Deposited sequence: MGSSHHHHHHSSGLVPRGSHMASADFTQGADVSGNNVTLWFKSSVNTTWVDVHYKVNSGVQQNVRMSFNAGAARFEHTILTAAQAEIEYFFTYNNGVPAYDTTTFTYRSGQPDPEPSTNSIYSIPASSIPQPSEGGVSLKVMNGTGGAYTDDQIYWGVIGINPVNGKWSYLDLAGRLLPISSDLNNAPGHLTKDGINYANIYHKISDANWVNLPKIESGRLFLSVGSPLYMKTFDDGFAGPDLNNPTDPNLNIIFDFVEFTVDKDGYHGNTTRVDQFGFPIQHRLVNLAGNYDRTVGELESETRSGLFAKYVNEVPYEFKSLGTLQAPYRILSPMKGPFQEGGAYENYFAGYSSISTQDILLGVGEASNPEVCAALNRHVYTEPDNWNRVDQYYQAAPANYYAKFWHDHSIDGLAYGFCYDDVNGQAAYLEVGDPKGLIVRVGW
């Protein structure tokens, strides 16, 4: 008559839950808070968590003794008594992932901030092109792609900051367990803590955060994102530090056949404060201000900092290549070939025999030490630290033809 059970803490509240693996249609919980009047409650069924739940308000600091009565078929059974008192992305069992509605992916955004923010203080949104009507759209909680427009900025419910209206396309982690992500082109999942993002939508696209503008409304918001496409060949997606680093993210993809299960992103053992501290310590002087200029909100990529044209390090690669530092960092111009770009960033350009030898990457300056840092602190050494880090399979990039679930964890 097995089940699993637990007490989930959110803020100052405790939610007792019971998840049955048998023929259960009703469950009562019997509990005492600090030895008070016994409470006997028929629990409600939460379909999206597939479990029975009862919330005890303001009991996070109390001691709670409880047991359950549930049915398996007609007969009822009592559990033993439990007492109150992971969040790892690996702890979610693949068997617990809902089957997507074809040919999509079940998406879960997960709170791994360990107390920094509650589920109702982390926001997410998905914007991309719907191949069903070719329209730029955002995703709703029912898994529908709704067209964005200029008008959406002033529609009922819209956000405003500093007397300017912005489309409200965001959801809180507490708003959902799993959401179906349908087929989608040029997709981005935006994640932000404490606040949603403030972005203008147009009839044919949107304008994201502009990190070179001193007056950008998102400059003091902590955000990050994953990029994905869901199409007829399945899921294709990645985390990215190409533009900036906002907070640690893990990205886990599981397939329908049950033979693919992979995760990329920052190691779960790295903390955000640790990363900011290690960044400024590990990187050579030229790259340090990338970690301070817009702290504590992000670490910047080199071209958002003093490596840009005119900047104090605009000629950083000068003695090593005849190709400009700006071409190298952005993979354009004389560095438009991905292999040339990558070799130059990894400082293996002048030794062709080392272009695909990972243990020789970043071993001498100049090199993209910002990029190096993300590999050093990522799962399996995989990261998108610059635009062409996928050369020789180094990028935090995953794909599978028969996707089942995608879990994206906001760490801290």
TODO: Where the model has no C-alpha, note the corresponding stretch of the deposited sequence, numbering from 1.
DONE: 1-23, 109-117
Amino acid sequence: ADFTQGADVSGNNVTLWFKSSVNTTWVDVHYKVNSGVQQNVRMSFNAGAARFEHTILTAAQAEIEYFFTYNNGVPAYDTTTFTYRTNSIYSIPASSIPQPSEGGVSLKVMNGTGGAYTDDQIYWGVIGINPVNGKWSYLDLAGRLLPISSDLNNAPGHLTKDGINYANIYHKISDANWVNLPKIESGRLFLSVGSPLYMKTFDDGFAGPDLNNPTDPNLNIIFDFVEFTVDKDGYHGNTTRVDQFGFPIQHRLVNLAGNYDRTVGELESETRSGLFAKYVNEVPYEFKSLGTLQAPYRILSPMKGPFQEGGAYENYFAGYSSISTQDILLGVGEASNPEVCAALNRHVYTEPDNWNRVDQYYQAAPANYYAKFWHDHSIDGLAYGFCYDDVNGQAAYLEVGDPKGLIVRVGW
From here on, numbers count along this sequence of modelled residues.
Task: Of 62-70 and 358-366, the one with larger mean CA B-factor - done: 358-366
Open item on the list: Mean CA temperature factor from the deposited coordinates, higher in 162-170 or in 122-130?
Closed with: 162-170
Open item on the list: For the CA B factor values reported in this entry, which option in 249, 139, 253, 323 has the top one?
Closed with: 323
Open item on the list: By the CA temperature factor listed in this entry, which of these ranks top: 143, 147, 319, 194?
Closed with: 319
- [ ] Could you look up the Cα B-factor of residue 21 in the entry and say which third of the chain it sits in: lowest, middle or highest?
- [x] highest
- [ ] Report the third (lowest, middle or highest) to which the CA temperature factor of residue 291 belongs, ranking only the modelled residues of the same chain.
- [x] lowest
- [ ] Would you check the entry's CA temperature factor for residue 382 and let me know if it's in the chain's lowest, middle or highest third?
- [x] lowest
Open item on the list: Please place residue 42 in the lowest, middle or highest third of its chain according to the CA B-factor in the PDB entry.
Closed with: middle
- [ ] Taking the chain's C-alpha temperature factors as the reference, tell me which third residue 263 falls into: lowest, middle or highest.
- [x] lowest
